[PDB]
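Before any questions on how it binds or moves, here is one chain, the form deposited in one PDB entry, in structure tokens.
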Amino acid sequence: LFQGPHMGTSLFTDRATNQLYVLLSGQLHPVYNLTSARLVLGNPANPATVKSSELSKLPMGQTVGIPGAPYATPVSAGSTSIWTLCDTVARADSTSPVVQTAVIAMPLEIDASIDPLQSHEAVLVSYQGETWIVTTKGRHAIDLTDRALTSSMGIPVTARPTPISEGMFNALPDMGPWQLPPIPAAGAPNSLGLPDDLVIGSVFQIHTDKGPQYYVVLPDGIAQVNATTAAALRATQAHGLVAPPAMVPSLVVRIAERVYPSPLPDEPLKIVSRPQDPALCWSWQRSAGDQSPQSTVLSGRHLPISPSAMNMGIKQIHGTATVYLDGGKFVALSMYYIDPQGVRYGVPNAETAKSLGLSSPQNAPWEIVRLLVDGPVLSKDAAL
């Protein structure tokens, strides 16, 4: 297993300056950081003390190293790899609503105030002039200028979009527009042996035990739709019917049954109020047990971490996000070392990793890692 430090004879540290020195080909070169020293030595050496006196006997050389590299490369105890991206919108009713972004690589604290979006819940979002609807699935294009459509899909006029960050926009998969699947032959007489009333695109119902079951009339059969979709269909075009005509179950039992893929949920749509729930998250995890990654959209009152973690947030100067980390990470998207201040440094190959004493990198999503400030590549070629 070989855990712990490397003990060599080529790396030294002064008593007063705490400056590092690396012994290269008999000549003592100085080095910016412990990270760079290990790059050139080819081993994760731990420095040995030495009073300035002994440094004098040996001659000095040109300084080597990577000034922008992290000092060392510590990693926390994981194991687990949970990566979460969060948008928090400040003053959502304002003029002037504003979004801030958090990157989180630590266990989450999920509760009723901040938890996954439920199936019937959705967030209206604005990005570069266009509006989108965010659900458990991802983001769907939606035209909020079109009140006829919005009213038909159950989106109230009180509903307002809030800005989503570029990072969160890119992290959310595109699920296609928020619309009812087209029925181009709609309004045309049916060919199923149904009454002439029930034209293609019309909605009927069968009265069962556990409440009515709605059906849309399609060219090649009848398709089951939920109440939401039935209401949606009829709101855009009812084809002259005050209500969906009732069907005796014996009349449709030999009609072909088809699927109508409405994105509308069973329960009535609930558009979340951003001033009430300003946080919108995309959370990703993939336990080392091989598998496939698992991602989920969260919505809530604040970040899904303990209140004590809130004081640990580091906002990078060269960056967009506040980063919440419980120690350094070694990840594979192509490998990166990520320091506790949330800077990513490229690790080009496995021998460079071995030199640094980094091993067993965790899988992590590029969608989140790329948002971290990009530091210099950790390479011996540049360490020299």
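Each form is matched to the other, and the largest set of C-alpha atoms that superpose within 1.5 Å is called the rigid core. Residue numbers run from 1 along the displayed sequence.
The discussion below concerns the form deposited in another entry, not included here.
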Problem - Single mover in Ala90, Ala238, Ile110, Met310, with Cα shift of 2 Å or more between the shown form and the other one when the core is superposed - result: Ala238
Handout entry: Yes/no, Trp132 Cα shift of 2 Å or more between the shown form and the other one with rigid core fixed
Key = no
Practice task
Compare the position of the CA of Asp220 between the shown form and the other one after a rigid core fit and state whether the shift reaches 2 Å.
Solution key: yes
Practice task
Using a superposition on the rigid core, decide whether the Cα position of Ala171 changes by 2 angstroms or more between the shown form and the other one.
Solution key: no
